[PDB]
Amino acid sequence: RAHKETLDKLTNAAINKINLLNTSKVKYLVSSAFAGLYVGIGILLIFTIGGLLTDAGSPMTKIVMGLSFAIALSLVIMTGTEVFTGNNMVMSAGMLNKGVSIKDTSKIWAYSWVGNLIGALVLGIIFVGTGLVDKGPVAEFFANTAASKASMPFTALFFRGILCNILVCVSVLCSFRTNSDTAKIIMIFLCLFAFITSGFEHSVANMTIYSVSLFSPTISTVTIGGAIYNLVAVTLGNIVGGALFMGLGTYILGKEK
């Protein structure tokens, strides 16, 4: 079962994370910005697909989007960069296991979250400058999707955030339990497919959604309050799924007590 070995690996990763931040904020933030941008790249692609297929009235739209999102977290895992959603399980487990403090945990969460946002912001501006969202079905897909995410009840967003980060974090969990990089990507592929097509909410992906929506002059269905509204609810949900379910879960499984 290797639950102790697994918890031992998560504890080390938590430690390595807080060490990296303490050693160099610039390294930690660049890492976070890359992850934020890598996740956003998955959004650019599946929203392009969403625009193309919704316009055709395809029934496969949300299925093809889910199948196509794999790159988001695959890039993060293969580049070894810092993403807020994964850090919910990692810091949580390492903290319960006395590897790191609550303060360390807050630091890592806040810095990776802000760094992820910087990467989303950067990608958004650049994407807008491509003219790819000047007008047409892709722009319209950004605008409609952003508006629907911004107007869902808090409770619904919260609970979707929870299920989303159980899925993200369990695929990160899998990556700590296999030595086959191909098996890692596959599990990531399956988990992102499940969470996208099922309708769960990913805070870091949402940053790029609102980034593009706000920066684009052609899109005007949502405001910054809406963006912040959705981001807060979903982030809170993400934290609950990652730390309360996956982090506590893996702690309980591996703790020699």
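Numbers follow the displayed sequence, beginning with 1.
- When the mean C-alpha temperature factors of 212-220 and 185-193 are read from the deposited coordinates, 212-220 comes out higher.
- Taking only CA atoms, the mean B-factor in the PDB entry is higher for 105-113 than for the other of 105-113 and 163-171.
- Residue-level inspection of the entry shows that, of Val64, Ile228, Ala205, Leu44, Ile228 has the top Cα B-factor.
- The PDB entry assigns its highest CA temperature factor, among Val122, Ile71, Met89, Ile77, to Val122.
- Annotation for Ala233: CA B-factor lies in the highest third of the chain's modelled residues.
- In the PDB entry, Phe176 places in the lowest third of its chain by CA B-factor.
- The PDB entry assigns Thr81 a C-alpha temperature factor belonging to the lowest third of its chain's modelled residues.
- Sort the chain's modelled residues by C-alpha temperature factor and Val30 lands in the middle third, per the entry.
- In this PDB entry, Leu244 carries a Cα temperature factor that places it within the highest third of its chain's modelled residues.
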